[PDB]
Amino acid sequence: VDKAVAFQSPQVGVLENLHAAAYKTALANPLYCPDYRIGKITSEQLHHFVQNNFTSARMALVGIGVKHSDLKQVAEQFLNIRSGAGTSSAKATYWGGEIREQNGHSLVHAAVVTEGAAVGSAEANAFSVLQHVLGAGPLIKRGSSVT
Amino acid sequence: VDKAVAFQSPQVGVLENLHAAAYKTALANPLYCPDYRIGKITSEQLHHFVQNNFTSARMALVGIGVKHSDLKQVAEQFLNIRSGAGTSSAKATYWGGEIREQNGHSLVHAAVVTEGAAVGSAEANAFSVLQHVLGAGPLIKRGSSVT
Amino acid sequence: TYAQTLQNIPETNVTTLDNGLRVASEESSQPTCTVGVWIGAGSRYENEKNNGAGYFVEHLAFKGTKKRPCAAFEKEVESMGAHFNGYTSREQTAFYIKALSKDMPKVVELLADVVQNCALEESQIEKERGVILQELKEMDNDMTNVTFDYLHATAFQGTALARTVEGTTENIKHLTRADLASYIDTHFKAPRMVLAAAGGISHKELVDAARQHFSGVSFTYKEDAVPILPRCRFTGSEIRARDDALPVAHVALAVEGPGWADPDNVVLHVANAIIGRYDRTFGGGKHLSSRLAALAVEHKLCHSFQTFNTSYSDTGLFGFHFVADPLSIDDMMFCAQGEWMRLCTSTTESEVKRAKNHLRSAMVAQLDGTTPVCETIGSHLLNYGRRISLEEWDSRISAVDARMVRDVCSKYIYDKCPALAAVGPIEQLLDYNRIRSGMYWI
Amino acid sequence: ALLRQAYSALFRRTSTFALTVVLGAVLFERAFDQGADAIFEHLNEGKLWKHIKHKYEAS
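So, how was this worked out
- Residues numbered from 1 in each chain as written, not as in the entry; some residues may be left out.
- Chains lettered and ligands numbered in written order.
- Part of a larger assembly, values for the part shown.
- Heavy atoms only, no water.
- Residues with missing side-chain atoms left out of burial classes, pairs and counts.
- Patch = residues over 30% accessible without salt bridge, like charges linked within 9 Å, V, L, I, M, F, W, Y side chains within 5 Å.
- Areas by Shrake-Rupley, 256 points an atom, 1.4 Å probe, with all protein chains shown as cover.
- Salt bridge = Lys/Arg side-chain N within 4 Å of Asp/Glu carboxyl O.
- Helix = DSSP H or I, 4+ residues; strand = E, 2+ residues; numbered from the N terminus.
- Buried < 20%, exposed > 50% of the residue type's maximum accessible area, 1.4 Å probe, protein only.
- Core = buried A, V, L, I, M, F, W, Y, C linked by side-chain atoms within 4.5 Å.
- Domains from an automatic or database assignment.
- Contact = heavy atoms within 4.5 Å.
- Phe/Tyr/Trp six-rings, centres within 6.5 Å; stacked < 30°, edge-to-face > 60°.
- Pairing = 2+ DSSP bridges.
- Axes fitted to C-alpha atoms, helices over the stretch in contact; angles between N-to-C directions.
- Buried area = accessible area lost by both parts, 1.4 Å probe.

Listed as the method for this PDB entry is X-ray crystallography; the listed resolution is 3.48 Å.

Put into structure tokens, the structure is as follows:
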């Protein structure tokens, strides 16, 4: 179900296939569990996944509305199972694929992209800006983006 | 349902997607009606399809176990229906795509091909033979194809 | 620490312009900000022949002004990173902008221009006609609303409130450069407006800019007169729009409310807090605290449901709305009307304590950002007169107790004829009579 | 405003409602009979033994 309400917006329909037809691994995976694996996940899979990825070094206890001293006392005397960097994410490889879902809709969402930059990267702001220069998101209710 | 029994053999699972990721039209279409269009076909659509494609010039009344004279008399005063090559099939264009269905199976069917020959063509017989040379189908129950 | 953080929140400044209009703001140490004009106009203030003006207008409020047409207006705003948005409901229209506190003034100008010197190029109208006309056919498939509207249309029937804020299909088709003008003309006037702002802005700087573009002075005393609206008659009834081809069904049940002023609105909310809301994705599922929720799971009663306390100037609608399969409608309703009852009869101190701590968080929540603050302010003043602080609200809430709730709900719920809105495959809801009786004993 | 006042103290809760019917009926009986009997007897003035009794009563 969770995956049924979500896919109510085709907006999330192409976005899943995009990443798929863009990569071959890691980032190429879906954000919403494929159908076939529904109900076939185990308790052990959960655990192992957690014991492996939810480890201190990958974790950050952020938080507003409070004095740093407290949010600290908690984190230390209280947080265990951590201490480590756990499993390493398989380096994301690029594919360059093309997926198409014919489904007879009045509309046709379609996204075409290329390997952009990465977080922290220098070559980031460029796109972030090339983005705005191209136009991403409106500011005038029911208008046009002359900009 | 008809499409449910069929797809019980992955053999037909990749074959549908093959043609899809091989072409862009005509032959690129599925042999079993896509799910979305289930129940959305009309009485019209049928008719029009028939009135358009089931036309004399595209039809042949073959038949064994009978004297040609009879199979003739029938065809005549009975199959009165109009002629004309009706609608023309959109020329089959080649794509060269790649479709993948991850579904957690013990087995992994996979077919990789390229544009081959046509019916009543030149190289036609070449592949048919290159086929056998490569080995297609067995003749020894529970054996190996040393050939 | 809570008890204290509520006081440190900077008091909101309010000073009226000698021309009727008013100005308010809450200054914070923020770089970005928000400002807008909260006009006390609406579909209620409309009529049979014009029904839909306030919206058609809302549509042409950005396609330029006399001073700077479409291209430039849009260009001018986008180009500075500002966000001009706005809405328009039965009793409140609003146009506001989001931008850097820097543009603070320059902004006002824009707002000011839109309201007063709105273009209304007749060439853009015939274009905005086909548009609205679509927004209808599209809004005509959001049952959650189709419902509320129908709910209003019977809840009030034969009164201004029984009108869609989008107006008729005919009106949209024939409204004219004329009437559109008239609305703005007669409706967008100083006293019936509030310039609201919150962010990194000093009341002073702001107030001035307003004094600069909001200069239109009133001579007589009539231009100072705030038109009092002819009240709307509540009618216990129902309207059932049946379509068995509709996947699910929607149901809205309500009673006449007390109106913005009345304090009990608070209680009524604390109540709604107890029956809360639910959708199939809540994670608490069977452990949720709202009895109606839990049951809705323990029996698969619905898909979603919500308690609402819509408040208007002189009235209001109190009730709930759920969506559900054609075959669980009944059980669901039943349970709902049930809970409602319990409210008037056996509500506990635990239910309230919880409802209060929920409400508190919910109020605080409405003030998360600049846009949401000016909205409140644009509203608070326009509706309540003053502006109520979280410190005030809160106290008004800490004062409520079980005993208090049972009394207020009893007052507006117990044995009252309600309004019903059923839409979709509703063959199971049936009989007002029954539904009526579910208004007492439990 | 009896109808109001009634709907408030009486017909409101299903409890006081019932409680009224009870007590109410009590009164109704107690005084419906009187009227009925009285009416009946009147329509039969001097025919009932209740009347012609004085003619044989005296120890």
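**Thoughts on a nonpolar patch on the surface**
On the surface, A:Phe127, A:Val129, A:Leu130, A:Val133 and A:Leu134 cluster together into a nonpolar patch covering about 480 Å² of accessible area. Tracing the backbone through its elements, the reader meets A:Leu130 in helix α5 (residues 124-134).

**Concerning unusual backbone geometry**
Of note in this structure, B:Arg142 is not a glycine but carries a positive phi near 65 degrees. Mapped onto the secondary structure, B:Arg142 falls in the segment after α5 (124-134). For B:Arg142, a relative accessible area of 71% translates into the label exposed. Phi angles above zero are rare outside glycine, and C:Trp441 is one such case at about 80 degrees.

**Things to note about the nonpolar core**
As a rule of thumb, nonpolar side chains are buried together in soluble globular proteins. Counting 64 residues, the largest nonpolar core has C:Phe84, C:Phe188 and C:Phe214 as the members making the most contacts within it. By residue number, the principal contributor to this core is helix α4 (residues 104-116) of chain C, which donates 8 residues. Per-domain counts for this core show at least three residues from each of domain 1 (12-225) and domain 2 (237-440) of chain C. Not counting residues within four places of it along the chain, the set of residues in contact with C:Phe84 comprises A:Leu139, A:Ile140, A:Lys141, C:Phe62, C:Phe73, C:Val77, C:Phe95, C:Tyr96, C:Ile97, C:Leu111 and C:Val114.

**Re the packing of aromatic side chains**
Residues and elements named next belong to chain C. If you walk through the whole model with that rule in mind, you get 21 aromatic pairs over all chains. With centroids separated by 5.4 Å and ring planes inclined at 35 degrees, the aromatic side chains of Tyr 278 and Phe 282 adopt a geometry described as tilted. On the basis of relative accessible area, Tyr 278 is assigned to the buried category, the value being 7%. Overall, the relative accessible area of 28% leaves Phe 282 in the partly exposed class. An aromatic cluster is present here, built from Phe 62, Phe 73, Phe 84, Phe 95, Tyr 183 and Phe 188 joined pairwise through their rings.

**Brief notes about the sheet that holds strand β9 (residues 277-279) of chain C**
Residues and elements named next belong to chain C. One open sheet holds the 6 strands; their spatial order is β7-β12-β8-β11-β10-β9, and the pairing between them is mixed. Whereas interior strands pair on both sides, the edge strands pair on one side only; in this sheet they are β7 (238-242) and β9. Averaged over all pairs of adjacent strands, the angle between their axes in this sheet comes to 15 degrees, without regard to strand direction. In the sheet, strand β8 (residues 249-256) pairs with strand β12 (residues 419-424) via 5 bridges, with the strands oriented antiparallel. Each residue of the ladder has a partner; that of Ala 252, found in β12, is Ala 421.

**Examining the arrangement of the chains**
Sorting the 3 pairs of chains in contact by contact count puts chains A and C at the top. Considering only C-alpha positions, the minimal separation of the non-contacting chain A and chain D is 44 Å. With no contact between them, chain B and chain D keep their nearest C-alpha atoms 55 Å apart.

**Observations regarding the interface of chain A and chain C**
Each partner contributes to the interface: chain A provides 10 residues, whereas chain C provides 20 residues. In this assembly, chain A packs against chain C so that about 1,300 Å² is buried in total across both faces, 54% of it on carbon and sulfur atoms. Its largest share of buried area at the contact with chain C, chain A owes to A:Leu139, A:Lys141 and A:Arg142, together 51% of the area lost on that side. Linking chain A with chain C are 3 salt bridges. Of the charged contacts in the structure, one is a salt bridge between A:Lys141 and C:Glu58, with a shortest N-O distance of 3.5 Å.

**Some thoughts on the side chain of C:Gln337**
Residues and elements named next belong to chain C. Among the structural elements, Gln 337 can be located in helix α12 (residues 329-346). Residue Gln 337 is classed as buried on the basis of its relative accessible area, which comes to 6%. Excluding residues that lie within four positions of it along the chain, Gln 337 makes contacts with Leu 253, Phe 320, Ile 435, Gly 438 and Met 439.

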